[PDB]
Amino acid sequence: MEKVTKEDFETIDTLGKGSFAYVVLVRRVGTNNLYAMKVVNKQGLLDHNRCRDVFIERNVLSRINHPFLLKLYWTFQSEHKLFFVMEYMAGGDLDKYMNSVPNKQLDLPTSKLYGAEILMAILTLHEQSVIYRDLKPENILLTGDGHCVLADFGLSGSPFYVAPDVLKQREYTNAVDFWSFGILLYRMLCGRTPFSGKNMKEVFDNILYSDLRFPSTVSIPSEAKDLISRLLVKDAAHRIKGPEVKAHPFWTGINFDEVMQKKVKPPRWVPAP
């Protein structure tokens, strides 16, 4: 790619702020092309021990160009900052989309496709020893044609998706992602998360101690219940792991190769540029 510097991008708007990074909507000078540019303080990266994360993002994930991870176009530096010019997703996120559909529920074909796309993303991250840690609808972005893409993992509701492991020990492993994935699958199919409460204390107690229950009013295939139940085993040591999740009978009727090729479209996508 061209040897760009910060001078080659015109800031149009702000897309968010963080501890030591911010994201701006930019237009590449001389073109009509828009991008989401993440600007990260170099000293901040060093103080937060994020150099490995940056190396993986820039030198490993960028080569994979996974369809359901955010696309990276350019990385470059200034004196004090590193810049990551990434795809601008104006189609919103999955939290907003699900809150706008009737009953808050996605039908089975859509839930299964989005579950497969998200699973492929999570499996790719784990292969690179990256734990997403914050899987939730707000961090799943939608393309213009209705496919799911994981939000920038460096950047990042949450109380409902936290695993027992994190509440008890703050210990992050691949299993916490599969717990959150089970919460997400349940949410897409049922219209709500499985564990709630009148305050955070009750929510955490239910996450730790309450048996999983499915709504009597929602028709869920037995295979989906089986997979969600195994993803939401309380003890991480006995939780279903990646290979068994990918081989689970719930994925009957969806071909992961065709999903990776974008040949399985969302049946009811509502484009809205």
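Residue numbers run from 1 along the displayed sequence.
Novice: Which fits the stretch between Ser156 and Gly157: none, 1 to 3, 4 to 9, or 10 or more deposited residues lacking coordinates?
Specialist: Per the record, 10 or more deposited residues are absent between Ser156 and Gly157.
Novice: Look up the CA B-factors in the entry and say which stretch, 212 to 220 or 37 to 45, has the higher mean.
Specialist: Comparing 37 to 45 with 212 to 220, the higher mean C-alpha B-factor belongs to 212 to 220.
Novice: Comparing 167 to 175 with 134 to 142, where is the mean C-alpha B-factor higher?
Specialist: In the deposited entry, the stretch with the higher C-alpha B-factor mean is 167 to 175.
Novice: Highest recorded C-alpha temperature factor, please, choosing from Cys148, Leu82, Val101, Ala116.
Specialist: By C-alpha B-factor in the record, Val101 ranks first.
Novice: Can you tell me which of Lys198, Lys71, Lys112, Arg187 has the maximum CA B-factor listed in the PDB entry?
Specialist: Max CA B-factor in the entry, restricted to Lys198, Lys71, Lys112, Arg187: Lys198.
Novice: Just say lowest, middle or highest third for the CA B-factor of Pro249 relative to the other modelled residues in its chain.
Specialist: Tercile = lowest for this residue's CA B-factor.
Novice: Among the modelled residues of its chain, does the C-alpha B-factor of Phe160 lie in the lowest, middle or highest third?
Specialist: CA B-factor rank for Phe160: highest third.
Novice: Using the temperature factors of the C-alpha atoms in this entry, rank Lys241 within its chain: lowest, middle or highest third.
Specialist: Middle third, going by the recorded CA B-factors of the chain.
Novice: Would you mind checking where the Cα B-factor of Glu87 ranks among the modelled residues of its chain, as the lowest, middle or highest third?
Specialist: For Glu87, the deposited C-alpha B-factor lands in the lowest third.
Novice: Splitting the chain's C-alpha B-factors into thirds, which one does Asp53 fall into?
Specialist: Lowest third.
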